[PDB]
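Chain and residue survey
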There are 4 protein chains.
Amino acid sequence: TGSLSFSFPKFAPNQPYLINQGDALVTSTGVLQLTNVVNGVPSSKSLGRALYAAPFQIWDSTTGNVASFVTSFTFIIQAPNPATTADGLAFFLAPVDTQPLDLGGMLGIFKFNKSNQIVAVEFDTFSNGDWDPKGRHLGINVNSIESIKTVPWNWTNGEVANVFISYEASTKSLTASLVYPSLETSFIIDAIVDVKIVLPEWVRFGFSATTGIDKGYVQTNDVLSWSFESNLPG
Amino acid sequence: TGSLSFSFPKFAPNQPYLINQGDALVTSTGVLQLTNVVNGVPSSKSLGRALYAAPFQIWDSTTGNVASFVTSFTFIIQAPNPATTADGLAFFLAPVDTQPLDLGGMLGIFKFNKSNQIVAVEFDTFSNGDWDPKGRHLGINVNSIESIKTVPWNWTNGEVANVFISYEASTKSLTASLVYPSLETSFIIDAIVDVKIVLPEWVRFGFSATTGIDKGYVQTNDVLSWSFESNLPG
Amino acid sequence: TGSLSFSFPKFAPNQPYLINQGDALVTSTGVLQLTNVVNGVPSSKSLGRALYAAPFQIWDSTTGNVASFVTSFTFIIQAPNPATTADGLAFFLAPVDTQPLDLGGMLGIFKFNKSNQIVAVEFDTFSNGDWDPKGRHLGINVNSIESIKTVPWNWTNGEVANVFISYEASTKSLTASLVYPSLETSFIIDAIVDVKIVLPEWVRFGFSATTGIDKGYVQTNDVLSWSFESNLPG
Amino acid sequence: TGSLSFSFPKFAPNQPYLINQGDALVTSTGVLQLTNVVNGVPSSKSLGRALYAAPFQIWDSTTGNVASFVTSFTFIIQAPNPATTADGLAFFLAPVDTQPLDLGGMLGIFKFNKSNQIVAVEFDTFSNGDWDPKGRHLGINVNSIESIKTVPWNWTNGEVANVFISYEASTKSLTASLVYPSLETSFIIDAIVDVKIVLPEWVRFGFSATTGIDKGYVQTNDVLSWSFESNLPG
Ligand SMILES: CC(=O)N[C@@H]1[C@@H](O)[C@@H](O)[C@@H](CO)O[C@@H]1O
Ligand SMILES: CC(=O)N[C@@H]1[C@@H](O)[C@@H](O)[C@@H](CO)O[C@@H]1O
Ligand SMILES: CC(=O)N[C@@H]1[C@@H](O)[C@@H](O)[C@@H](CO)O[C@@H]1O
Ligand SMILES: CC(=O)N[C@@H]1[C@@H](O)[C@@H](O)[C@@H](CO)O[C@@H]1O
Ligand SMILES: [Ca+2]
Ligand SMILES: [Ca+2]
Ligand SMILES: [Ca+2]
Ligand SMILES: [Ca+2]
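Judging from the entry metadata, X-ray crystallography is the method by which this structure was determined, and 2.05 Å is the reported resolution.

So, in structure tokens, the structure goes:
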């Protein structure tokens, strides 16, 4: 039993409230730069992740209760050539000792190991023919790169996106939405996810992003703010 | 400056935390029944509203600050004949002394009086040819029955819907989403709404719903739970 | 089951978030003036109360659960003659339809009617020989003017006091503390209070204060800010 | 700018939400055992600390704002010989890289290094003649083992104590209180502490405790639960 909440209107560099993995770094301007950028231009074969320093308990094996949580964040994906973008950004939950995985289409969160249990909401900017639908899309993933559900997403180059994710334990319902406040455009996806049968009791959480493996298929993956709140009933 | 938050997993009847208007009532089972139902069958020409007992400050004239808030609720709209439904349910904000207005298509929140300023998210089950798009839809309204923006909505007879509404003062962005957790279907709408130039400093808020004026065009409008949270920066 | 929280750094006049009773009023400066003041001088035989507009559920008869809550507020008690002060200020919980009771020593919250169940923390500025200890004191009262426990209080004329009250359902422990931030002085009291066996499921709450009945025994009773938070486990 | 809150009704062992230092450990029963215990009997020369995994921002150098926070926890101090107890338990704030310091009377948080800035509330069970008052006492410390203020404390062997600490930035007021819910006894202390001029922008926080250096002067220092909440205005 327990709870956890926080709010970061921007990110302060060199402060242990985040666990940086791969190429992820925090700029002097307070931006969480998940993937490498060289003189404004994003580089290929990049992978970066950022987890909150502390994990939270998503379910209790003694009481059998499951936590409900919500998280919101703003991010920007900018690309020199809007026709060739890759690979995407994601919010995910995984074991406390989670480490970055495969590059590119794997979004750094997938590589079946029963110890690599993961739930994620993906903002996929490149469709992989072997497991992805057509065009860019939002997706909800459980233990593999192939989403259990997807919906079309009209990505807007360099535009600020506001994301909201919520999980209602009582109905095992995970909802994810993305809005471009400046454009008044919005997208949403929902799926049943039984976290109790997927993830361990305690999990770390945060962001993961990668750029394309092939030249030209690059993009930035910057998070600008982040708030979180969970509650595990006693 | 200030804040307000609450959570009602269900509604308790005969308790002054809600201000009931029109035909609205709370059943012994804890359901907020906005419109009249006779032996299971909803009646026509019904109008009911429910406001939280206390208002909250949505903006401060001294500091110029604007509040950000979120609210979520679950509701059910059941109809004997799914082909003829009317009129809809809405979440709205208005002056503290707000009273029910016109029936039917007006959703009990519209009737231009500068004192009847109102912002609302509507779940419209009947398209009025004079100001509504085709088919059922979600809508964001500011001072009139004609929404500033709408999106198609596939209403599911008697299914439990989860709604989430959020307002980010910094971007004047109002987002509204509806999900049917059991069906994994979802809808969303977003629009710019400058509450500071629309509503007074303090406002009351809650639900309003009406049934059709013509025989046959009836439906229930039941809210099952409600949580709210606002914050006006100092 | 449910929750309620709010924060008022100051009070806005003419806004229905408070239910004013007796002589209570909100000044243009945002001060909650519980008892009458004439040209700076407090008058005798005054009684004023202020309740939050909405009640909250303090315990659930179906689940048997009891809520835990905390509240904090700042207040000032100023008197022309610091040697003759009366009668006091209190924070209390009572049935939703609670109305002001007796003046003076009764603090407007006591008058045995099983329907007038009340729990209160009193900041008593005058010792009534028939039921009060010696000198000014903090007190915890349950159903009567005679406190179940008291502790000495060194009241400081016109000084700003910060009060904190907390109730832990699991241990039925009610704690009340008063601090004069400017003077670094502090006082505290604690007592077991079984709210489940004392109060009804839903209760309204707030402040009550009275001035002395005899000439000269007067004082102001002004609250400057107020925050509250309760949680009833499901 | 930002915020952080959490609640742990008990502690789960082997989970990275806490940073354990010195002899501190979490028992299978969920108790945070700060100092060594051998077969029920606490050992001497022990020192243990526990910090939340993530730090929080206590003040912003760009806006100049200072955070307000509150924390509560329950703890037990049990001793074989209630006549000889040492040394104490404390809640403290310090730089993110804080490491345990001196044993015994230094409570593991003191050793003047401008980089070892620290603010702490101490529950001192042994009076050190060179800097402590008479008998056990609560204390508020800023940069040294000599408290800026103390108050007598009647420690009760093995009894469960509830502690509440609050800091109001606007008045730079730090309040600390201890209550024995079962006994209805209570103690409190308050002092002005300008965290902005004492601590760095970001700080880690938690508990520290030590046992006596001389044989016989031992005691357990167990924390049973912990909740925290801070808010740094934008
Ligand atoms: C499996 C894998 O990483 N596939 C990647 C794909 O995700 C994308 O990065 C592409 C660039 O054109 O290069 C590869 O095909
Ligand atoms: C303006 C107005 O209330 N119009 C209503 C419409 O909203 C709907 O209730 C309909 C039923 O068939 O009856 C009328 O046309
Ligand atoms: C019962 C009662 O109200 N007693 C009051 C007491 O509370 C105080 O106001 C006093 C003034 O000197 O006058 C009376 O004795
Ligand atoms: C400076 C220091 O650690 N002094 C300690 C004191 O704190 C206490 O532990 C005592 C036991 O009798 O032994 C020493 O005097
Ligand atoms: Ca892909
Ligand atoms: Ca319509
Ligand atoms: Ca008295
Ligand atoms: Ca000492």
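From this point, the narrative continues.
1. Focus on the side chain of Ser5 of chain B
For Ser5 of chain B, the location among the structural elements is in strand β1 (residues 2–8). Residue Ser5 of chain B is classed as buried on the basis of its relative accessible area, which comes to 16%. A distance of 2.4 Å separates a polar atom in the side chain of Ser5 of chain B from a polar atom in the side chain of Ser5 of chain C. Once residues within four sequence positions are removed from consideration, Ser5 of chain B is found in contact with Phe228 and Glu229 of chain B together with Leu4 and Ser5 of chain C.

2. Here's the deal with the arrangement of the chains
The closest approach of any C-alpha atom in chain A to one in chain C is 8 Å; the two make no contact. For the non-touching pair chain B and chain D, the nearest C-alpha separation works out to 8 Å.

3. Some points on the site of ligand 2
Residues and elements named next belong to chain B. The full set of residues close to ligand 2 is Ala86, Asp87, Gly104, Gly105, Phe126, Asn128, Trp131, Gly212, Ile213, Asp214 and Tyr217. Between ligand 2 and the protein, one listed contact pairs an oxygen atom with a side-chain N or O atom of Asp87 at 2.7 Å. Between ligand 2 and the protein, one listed contact pairs an oxygen atom with a side-chain N or O atom of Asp214 at 3.2 Å. Relative to its unbound accessible area of 380 Å², ligand 2 is 76% covered by the protein chains. Considered class by class, the residues forming the shell around ligand 2 number 5 nonpolar, 4 polar and 2 charged.

4. Some details on the coordination of the calcium ion (ligand 7)
Reference values for coordination geometry: four tetrahedral donors around a metal ideally subtend 109.5 degrees, six octahedral donors ideally subtend 90 or 180 degrees. Residue and element names in this part refer to chain C. Bound to the calcium ion (ligand 7) are the protein donor atoms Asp124 (OD), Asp124 (OD), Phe126 (O), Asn128 (OD1) and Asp132 (OD), situated 2.2 to 2.7 Å from the metal. If you list the donors of the calcium ion (ligand 7) from N- to C-terminus, the spacing comes out as D-x1-F-x1-N-x3-D. Residue class for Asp132 comes out buried when judged on its relative accessible area of 12%.

5. As for the relation of the copies chain B and chain A
Of the two same-sequence chains, chain B is brought onto chain A (RMSD 0.0 Å, axial shift 0.0 Å) by a rotation of 180 degrees. Here the copies are linked by what is in effect a two-fold axis. Closest approach to the rotation axis among the C-alpha atoms of chain B is made by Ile188 of chain B, whose C-alpha sits 3.2 Å away. With an isologous cut-off of 70% or more, the 100% of interface residues of chain B that recur at the interface of chain A puts this contact in the isologous class.

6. Section: the interface of chain D and chain A
Between chain D and chain A, the contact holds 20 residues from the first and 20 residues from the second. Where chain D abuts chain A, roughly 1600 Å² becomes buried across the two surfaces, and 63% of that area is made up of carbon and sulfur atoms. By the criterion of area lost to chain A, the three top residues of chain D are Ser3, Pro16 and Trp202 of chain D, representing 28% of everything that side buries. Taken together, the links from chain D to chain A amount to 3 residue pairs in polar contact. Ranked by residues supplied to the side of chain D that touches chain A, first place goes to strand β1 (residues 2–8) of chain D with 7 residues.

Reading the values: the criteria
- In this document, every chain is numbered from 1 following its sequence as written, which may not correspond to the numbering used in the entry; residues for which no coordinates exist are not shown.
- Following the order in which they are written, the chains are lettered starting with A and the ligands numbered starting with 1.
- Where side-chain values are given, they derive from all heavy atoms of the structure, hydrogens and water being excluded.
- Here a strand is any run of E in DSSP of at least two residues, a helix any run of H or I of at least four, and the numbering for each starts at the N terminus.
- Relative accessible area decides the class of each residue, using a 1.4 Å probe on protein chains only: under 20% of the type maximum gives buried, over 50% gives exposed, and in between gives partly exposed.
- In protein, a polar contact requires one atom able to donate a hydrogen and another able to accept it; more generally it is a pair of N or O atoms within 3.5 Å, and residues adjacent in sequence count only if both atoms are side-chain atoms.
- The contact criterion used throughout is that any non-hydrogen atoms of two residues lie within 4.5 Å.
- Whether a residue is near a molecule or strand is decided by its heavy atoms; if any one of them lies within 4 Å of it, the residue is near.
- Only the protein chains shown count as cover for residues, and the accessible areas themselves come from Shrake-Rupley with a 1.4 Å probe.
- Just so you know the grouping, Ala, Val, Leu, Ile, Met, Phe, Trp, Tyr, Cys and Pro go in nonpolar, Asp, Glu, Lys and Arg go in charged, and all remaining residues, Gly too, go in polar.
- Counted as donors are N, O and S atoms no farther than 2.8 Å from the metal, or 3.2 Å for Na, K and Ca; water is not among the atoms, and sites may therefore look incomplete.
- Structural superposition of the copies relies on a least-squares fit of C-alpha atoms.
- Summed over both partners, buried area is the accessible surface (1.4 Å probe) that two parts give up on being assembled.

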